[PDB]
Amino acid sequence: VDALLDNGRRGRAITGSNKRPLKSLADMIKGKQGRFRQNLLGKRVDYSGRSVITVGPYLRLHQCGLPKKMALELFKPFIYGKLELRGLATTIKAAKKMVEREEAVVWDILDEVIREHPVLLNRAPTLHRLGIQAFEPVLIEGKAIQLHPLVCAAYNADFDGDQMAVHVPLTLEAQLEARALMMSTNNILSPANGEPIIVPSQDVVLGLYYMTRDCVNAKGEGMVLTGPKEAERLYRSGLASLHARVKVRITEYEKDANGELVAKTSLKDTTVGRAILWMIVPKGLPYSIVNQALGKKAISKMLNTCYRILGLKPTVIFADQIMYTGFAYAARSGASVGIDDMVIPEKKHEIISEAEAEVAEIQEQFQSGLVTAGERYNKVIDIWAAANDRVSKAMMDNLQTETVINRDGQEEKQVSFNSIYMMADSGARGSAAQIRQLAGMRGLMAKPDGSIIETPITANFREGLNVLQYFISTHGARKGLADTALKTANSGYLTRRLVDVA
Amino acid sequence: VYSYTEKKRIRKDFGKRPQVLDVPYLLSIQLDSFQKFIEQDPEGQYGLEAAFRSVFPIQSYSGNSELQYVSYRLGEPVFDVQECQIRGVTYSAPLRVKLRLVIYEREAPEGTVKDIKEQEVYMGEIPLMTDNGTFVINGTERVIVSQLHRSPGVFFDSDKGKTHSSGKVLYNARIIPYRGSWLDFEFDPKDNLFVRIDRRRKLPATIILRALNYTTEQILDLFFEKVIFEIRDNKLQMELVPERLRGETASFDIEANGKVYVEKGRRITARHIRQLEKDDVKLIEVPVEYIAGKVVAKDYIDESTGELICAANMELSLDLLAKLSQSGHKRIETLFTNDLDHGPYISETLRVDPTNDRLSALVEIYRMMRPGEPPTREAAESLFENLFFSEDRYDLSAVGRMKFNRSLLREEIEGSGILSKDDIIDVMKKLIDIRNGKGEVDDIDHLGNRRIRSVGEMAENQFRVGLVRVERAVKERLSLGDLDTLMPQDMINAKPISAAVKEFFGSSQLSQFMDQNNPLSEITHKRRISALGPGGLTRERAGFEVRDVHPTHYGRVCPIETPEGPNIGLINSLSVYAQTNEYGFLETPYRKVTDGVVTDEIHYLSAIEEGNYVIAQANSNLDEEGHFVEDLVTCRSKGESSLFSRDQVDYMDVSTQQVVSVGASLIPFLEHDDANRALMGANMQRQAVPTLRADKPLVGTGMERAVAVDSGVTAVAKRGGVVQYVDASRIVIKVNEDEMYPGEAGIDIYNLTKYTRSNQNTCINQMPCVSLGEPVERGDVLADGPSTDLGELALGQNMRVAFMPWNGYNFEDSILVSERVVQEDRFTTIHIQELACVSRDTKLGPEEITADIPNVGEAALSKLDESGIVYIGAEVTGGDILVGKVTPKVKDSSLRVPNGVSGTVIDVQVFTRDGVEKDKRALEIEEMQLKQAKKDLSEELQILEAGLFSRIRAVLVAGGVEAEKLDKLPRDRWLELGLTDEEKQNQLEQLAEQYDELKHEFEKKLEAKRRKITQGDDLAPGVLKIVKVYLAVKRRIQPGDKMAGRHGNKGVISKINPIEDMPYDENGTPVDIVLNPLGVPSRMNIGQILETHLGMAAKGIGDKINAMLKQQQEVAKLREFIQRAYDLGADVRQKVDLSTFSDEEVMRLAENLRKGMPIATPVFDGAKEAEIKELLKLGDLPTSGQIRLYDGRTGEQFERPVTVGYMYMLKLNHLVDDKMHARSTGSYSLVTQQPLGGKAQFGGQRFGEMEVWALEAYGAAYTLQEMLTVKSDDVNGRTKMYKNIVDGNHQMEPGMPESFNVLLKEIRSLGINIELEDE
Amino acid sequence: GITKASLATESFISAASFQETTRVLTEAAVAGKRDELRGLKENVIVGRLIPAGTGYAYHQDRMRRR
RNA sequence: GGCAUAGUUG
DNA sequence: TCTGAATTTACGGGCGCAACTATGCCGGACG
DNA sequence: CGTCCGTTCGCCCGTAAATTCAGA
Ligand SMILES: [Mg+2]
């Protein structure tokens, strides 16, 4: 009886099928696979599907691309209802046969029942409430869902093989909750802080950084433009560079009155690309918002100011337009990555030689008995850190001012048009640390015990690491992978406890 | 030179360093392990011989009889490997054992026994390993994964700071046997020694010493030194050892011979120690306060009372000394318990424990082991004697004994299997020494402390486990035996051994389903070293210590190839050159360095041996004689990389690839990839799907041929010769006379395996790569299997790639693919699926496979034959009826194609139980199969006869040659010929005898094949007949399919762009694939950019050759350009020459190179950037590797020239049509009326707990309510909701979930009354 | 702490669906506890409107019309 | 269609 | 020699989510 | 074939019980 009620609590859990402790009543009502956490708190639902997500950049922020077959299978009761309503099937068996043969008329029915019926898209680790959002379906001739690029940050979804699930809100209250509460156009700001959550991620920011930029001398430098339209007409016809310093006439609207837009026209000294982008910015924002280089934080604060001044609908339209123009001009830039874009400093070899000479002299100072082992270890670690910092500084300077361009007189320094540097500086992808390992030495590595190694990896990834350096890097990478795997469980347990307490 | 298979297409090798050791047979571990399991071992060390000698002879508890052992034998397998896979049986061989039973009568210890009887008894079957290292267990193909467990022996650990909350490290010692109980000694914060057996209750350590019949005084004499107090005159002048005086505080004045060595109160100095040593000090006077804390060593008695005055191990005080003063005892032995170097741990353990005599120790141990049972002296003695000291219940293997002797600094390495008193004593002494401060604990993750269990070793352990039960049954039966009536056939029960071995091979954590979708996948599943399994760790327990990479993994375990996820670092993969030691440890090769010259001899060093040496790195520059060019070379001495002298070096790495495995050595430019990205690249290279045609990586590493050949998927020629016949499914080779054995002629027939299903539902299909009349040599590929091109591994296809953003269609990680890729059908893959229809003997009537089906029309049944089984070649789609079957009540239960699945039926197999009167289609299949078998046998016989007559004619050209009238007589009448007297006529007679033997064996085998084809089939109990239909779907490409590369660059296809929309260069060629440049900085896999540039260079060479070849030019210019291309390199060592190709191999080579020049970039000795620039400059390509590209749509040029090249893209086995699923309404589970799970069952997505939280965070109360009541488990609610949706009214009745009622019933099923009280 | 505070709740169903189902159910059975299911997890388990979003009006209505 | 095992995906 | 506080020790709780594929099985033993 | 009944080996923490101080 004690084994029936709770098998194994007393001890010596009885087994029935090849040494496997069988599930008793307590085991069926408790644990991760009981009734509470497996069949009551979370359930399997009907009218649900799952598929691999793709990009579909053409989508508007409120809609997602749903495959035709998934939509046909998800909305089968609605299709039956409409077929019977229109007199195409007196009984439900005829409607079922018409749908399973996929006749030419069930597709019009599907298109007219999809019209304004939201679907809930959800990615598997629903960490926060933005992990499930309602979109309007767009029927797609394919088998993969098309997810709007802006919502990827909210979903934490890349497109390396992720899958997302679609749920169909059936009742009218569910549809209106999806449209009024869970719509992707209502979730502009993150619920954890005030910052927006639809910030353009990586290609849009690269396109907007390349477009809103300047060089010391380009095609059509200093010519006077009558407005953004003339700037676009000049760039598209090849008569002027995208980033060329010109004077344009900007008419910006300031709403410092009692909600009334007050015009103000001036001659702004800007670039062609900045005017072309100004063609997108809505009426309420000042022109200073696009007169900078427009990295990632700049675009984030631009969207934040647009939301704070103009509201929701203008902000959504502005975000869609920003994404469109950023993709367009990132494609137009042709911003590639080469093997020559990772410029190795010419002073790296001499810095490494100085560091090796210093470690040799410290070894000489130690073998003579002047210093102990611990202080020698500390001195070596500090001098290698200093050498690594000098190498990083040299490479960063050489990539920041990589370009020295002039043909009308004196040479002038300008911010480099290097591909790697632009991708790092714009905030699109990468950082100082990664670009550092690309070109400069990747620096000190730590043993699995946690202690730092005296000898660092003096080789970047443009050069080839030998066997020992790669082995030490494998130490470091395996430690990080294991830590991530064993840290996800702790974070999940903590957030479950936080949810349950509050 | 090259042997005509490496002379068709020479891969340009950019490897600077010269190779020393050839890459071994990569499947050596599995084959070598299993070979020493079945093969006969006269010494009896390995295999079934060891098990039989360990178990047999079998006696009884009394001296009645004895069943001994003679030999064993493996019979011929009943079914071939192909037949075994087709039928579904296990591929095994019957194990027949000769046994002699002897009977002992009254007083016959040495006399003749009553009767002896030897018969070949049969005890089970053992599955056999195929020639590729795999097993066939139930028609599927499985691999037994080698296990990396903790080596038997003694280990010492610390438990540094997880206890006592004070930083005081403990010191435990564990004695792990190969088969037995664990003995653990431990310390505590109070510094008392404790012991435990099988990790039970912690009882004091000296209990086991007493159980070994050791008294207290001898225990103290064994674990301590003796201080002697002699009362010569007075004040107890103590005999003193001058060495014992270093490290303590002198409480008195150490003076002797008028020379005060140590003053009062002051400590002992080293100067005074030297003075005492050189002054020959033996006895010194002591005060009275010194003895007050000392402990007496042994016992003493008084002369008056005659009884004990002071027991051993008791602190001496003034009272004890006074009492022994009058007894007459002058010599007193005491323990030397130093505070910091010789602790009194055994003394405190003797104090704490309550045991005083041996019987008390044994009863305490019996009570600990068996709790609550009434203990007995005899039972306790037997239990302790069989715990560690019986060869049945405890056995340290040879490895256990070796490690035990090594860890105790013993001399010999061979000893007894069981423990002894001295072994436990030495373990305790070593643990005490570790506690005191001398010595260090061992590291468990060290590869010198972890063995390699393999398939043979585990199989023989399971065989021993099975034999133990049979031995017990035979021992029991020998006491109830009708001795002079029976042979040892009914004595042996063949069911337990066979059941144990089948349980191990079929259902085990290591005998796992083979990952067969790629030659690399198979060859890396066989070389898999898992730390889990029986006797190993578990992924929920181990952590942070076995997961990470250890410094002894260099050359033995791959650091980058490990599955990321639940078990990272537990499923390590064997390195390229790593072998298994004689004792099971992993060892790696090294080139010996005796003098400054690096000797060309190879020594295999394990982890412990390698620990004390200096091994120069593989990338050490050498001259022709062999010397380190630099005066300071980078080496590693003791798990630590550093810089060492030119002379000190003792060993060098054999090759630069020896640190990585066979999956990570196929990545060109691995040294430029970040470790995480390289790990992902290897793990995804394992998952490439074999496309329609392999495409020979332009940028390889040179390991492609080794991986393709060593894994068995090609048809490597066994003996060299001349190709005689080549069709799609068969190759015939006429062996050269030099390689032809004296006797049989003597030609090879290779039956290619055409389209067949793999374990992953992919296509296995061997294609001939040789033409008719083409010479081949030994070891050349004749047919390339799946993912193989001319014997080189070829997983994906190499396509023209451009790195540039393209309108967001490669936004985050996506790929952009042109329509040219899908038009050329180059990523199109064939997937073969097997669908089974079974007719089961159910109640209310059996199931028939007739074509008479109700509820369907004749257009639906038109694709079936008269017997209700679809024709071979019918293009069935989703919903079509494959196999017509009805079940009695009649209702339609026919096997139909699953929805969404198309394809062509390529092969239909019918399995019929004996005596079920197979239908017409089964008869047709079996008669056509028998005709095919007869055709194959006749064709092989006539091919062999053509070869035999060719050899006879070649012999007949010398010594009486007849060519005019030889054909006048029939070619069969060659027995009555005319010839002289020599051995040639004897050879002719030998050929005739072998021909007669061929005829007889052909008749016998034809009868055997007819019997094996016409017979019934052993089906499952209750099934009448099984019909299996093999569809062959063809998956081309679509937005959603995940493609990848070799450097961890993933990405799902997002759009199939039109051919004219893709970017194109100045020549008009569009790029096949557009990738995102932004994935390179963050994920530091720079190796893909270098692969792109080098592939662009290779394709430029190929385009130059194609231009020079399509408009015909002389061979002189062609060979000049090819030689210039092959001579391009800084210090490369390939050095191929073209003056020896004879103008017809240059043309063939140039024809093979016109689609690009294959290039080998070794894994760490690869092509430098400067060489890539030079090779680009050899063509008409820019040095920077970037060309200006024009937009396809607008036509305007992209500024910022983009990186174009050729990247070797792979198509992983994650297809969107296998991932897409949707469900409106379907089946529901039984216990809870919730939708089923998965997609094989038409199941529903799990709106889990976090999704419920996410809806709660919104205001979506109605969406959540319909999610967890109406759409999941409210039966009335969901029926009403479906009716309302069909009626056009979207409104739900809430109801109450059925799972809540289930929970209520389950809680009420305990003694708990839970109810829903009234409103 | 969060786990101790989430186990020492006046509603025993939340604590049972959290960790330690056996102990919580034993305590609730012995003490004869009564659960008003006035939280968010209890109404999910029971299968009615959550008293947070659009269901807050329904719960207020059922309190006013009790 | 339930469990277990093994592998894989994010 | 009794009795309360503090310490130590043994023991029960917990240890992310979603998805796919495969095999083995549900039991080994008398009429 | 038809039937038919009996394997220790992880980490962390809270909590109750056993043990040991430390008196008067
Ligand atoms: Mg992802």
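Presented here is a report on the structure given in the accompanying data block.

**Digging into the overall build of chain C**
No. 1: Counting its secondary structure elements, chain C contains five helices and zero strands.
No. 2: Ordering the α and β elements of chain C from the N terminus gives α-α-α-α-α.
No. 3: Dimensions of chain C, computed from the C-alpha atoms along their principal axes, are close to 35 × 25 × 20 Å.
No. 4: For chain C, buried positions account for 44% of its 66 residues.
No. 5: Relative to all contacts within chain C whose residues are 6 or more apart in sequence, the contacts with residues 24 or more apart total 21%.
No. 6: As displayed, chain C offers around 3800 Å² of accessible surface, 52% of which is attributable to carbon and sulfur atoms.

**A look at the packing of helix α24 (residues 1087–1110) of chain B against helix α25 (residues 1115–1126) of chain B**
The axes of two packed helices give the description: the angle between them and the distance between them.
Residues and elements named next belong to chain B.
No. 1: Running from amino to carboxyl end, α24 crosses α25 at an angle of 175 degrees, the nearest separation of the two axes being 10 Å. Overall, the two elements α24 and α25 adopt an arrangement that is roughly antiparallel. Across the interface between the two elements, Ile-1101, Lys-1104, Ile-1105, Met-1108 and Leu-1109 from α24 touch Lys-1117, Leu-1118, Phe-1121, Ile-1122 and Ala-1125 from α25.
No. 2: Taken together, the residues that form the contact of α24 with α25 break down as eight nonpolar, no polar and two charged.

**As for the sheet that holds strand β38 (residues 775–776) of chain B**
All names here are of chain B.
No. 1: What the four strands build is an open sheet, ordered β34-β33-β32-β38; its pairing is antiparallel. Among the strands making up the open sheet, the edge pair consists of β34 (747–751) and β38.
No. 2: As defined by bridge partners, strand β32 (residues 721–727) adjoins strand β33 (residues 730–735) across six bridges and the pair is classed as antiparallel. Counted as the bridge partner of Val-723 is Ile-733 from β33.
No. 3: Sheet strands in contact with helix α21 (residues 920–955) are β32, β33 and β34, and its direction is about 155 degrees off that of β34.

**A word on a negative patch on the surface**
No. 1: On the surface, a cluster of negative charge is made up of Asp-623, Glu-624, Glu-625 and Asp-1131 of chain B.
No. 2: Relative to the assigned elements, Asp-623 of chain B resides in the loop between β27 (615–616) and β28 (632–636).

**Here's the deal with the protein's contact with DNA strand F**
No. 1: DNA strand F sits among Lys-19 of chain A, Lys-162, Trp-182, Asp-198, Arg-199, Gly-536 and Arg-541 of chain B together with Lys-4 of chain C.
No. 2: Atoms of DNA strand F within 4 Å of the protein: sugar and phosphate make up 55%, bases the balance.
No. 3: Between a base oxygen of DNA strand F and a side-chain N or O atom of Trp-182 of chain B, the distance comes to 3.5 Å.
No. 4: Between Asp-198 of chain B and DNA strand F, the recorded distance is 3.3 Å, taken from a backbone N or O atom to a base oxygen.
No. 5: Looking at side-chain class alone, the surface near DNA strand F contains one nonpolar, one polar and six charged residues.

**Regarding the side chain of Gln-516 of chain B**
No. 1: Tracing the chain through its elements places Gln-516 of chain B in the loop between β22 (511–513) and α15 (519–526).
No. 2: Excluding residues within four positions of it along the chain, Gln-516 of chain B makes contact with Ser-521, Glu-522, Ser-758, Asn-759, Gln-760, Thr-762 and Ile-764 of chain B.

**Points about the sheet that holds strand β14 (residues 226–230) of chain B**
Residue and element names in this part refer to chain B.
No. 1: Judged by pairing direction, the sheet is antiparallel, and its four strands sit side by side in the order β18-β15-β14-β21 without closing on themselves. Strand pairing shows two members of the sheet lacking a second neighbour, β18 (283–284) and β21 (331–335), which therefore form its edges.
No. 2: Relative to strand β15 (residues 238–239), β14 runs antiparallel, the two being bridged by two bridges. In the sheet register, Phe-229 faces β15, and the bridge partner there is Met-238.

**Focus: the interface of chain C and chain A**
No. 1: On the side of chain A, 15 residues touch chain C, which itself brings 15 residues to the contact.
No. 2: Contact between chain C and chain A buries roughly 1400 Å² in total, counting both sides, with carbon and sulfur atoms accounting for 68%.
No. 3: Linking chain C to chain A there are one salt bridge.
No. 4: Ionic pairing is found between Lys-41 of chain C and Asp-500 of chain A, a salt bridge with its closest N-O pair at 2.3 Å.

What counts and what doesn't
- Residues numbered from 1 in each chain as written, not as in the entry; some residues may be left out.
- Chains lettered and ligands numbered in written order.
- Part of a larger assembly, values for the part shown.
- Heavy atoms only, no water.
- Helix = DSSP H or I, 4+ residues; strand = E, 2+ residues; numbered from the N terminus.
- Buried < 20%, exposed > 50% of the residue type's maximum accessible area, 1.4 Å probe, protein only.
- Contact = heavy atoms within 4.5 Å.
- Areas by Shrake-Rupley, 256 points an atom, 1.4 Å probe, with all protein chains shown as cover.
- Axes fitted to C-alpha atoms, helices over the stretch in contact; angles between N-to-C directions.
- Parallel < 35°, antiparallel > 145°, perpendicular 65-115°, else oblique.
- Nonpolar A, V, L, I, M, F, W, Y, C, P; charged D, E, K, R; others polar.
- Pairing = 2+ DSSP bridges.
- Patch = residues over 30% accessible without salt bridge, like charges linked within 9 Å, V, L, I, M, F, W, Y side chains within 5 Å.
- Salt bridge = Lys/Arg side-chain N within 4 Å of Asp/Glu carboxyl O.
- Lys, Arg positive; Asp, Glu negative; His and termini not counted.
- Charge placed at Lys NZ, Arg CZ, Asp CG, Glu CD.
- Near = heavy atom within 4 Å.
- Polar contact = N/O pair within 3.5 Å; in protein donor to acceptor, adjacent residues only side chain to side chain.
- Buried area = accessible area lost by both parts, 1.4 Å probe.

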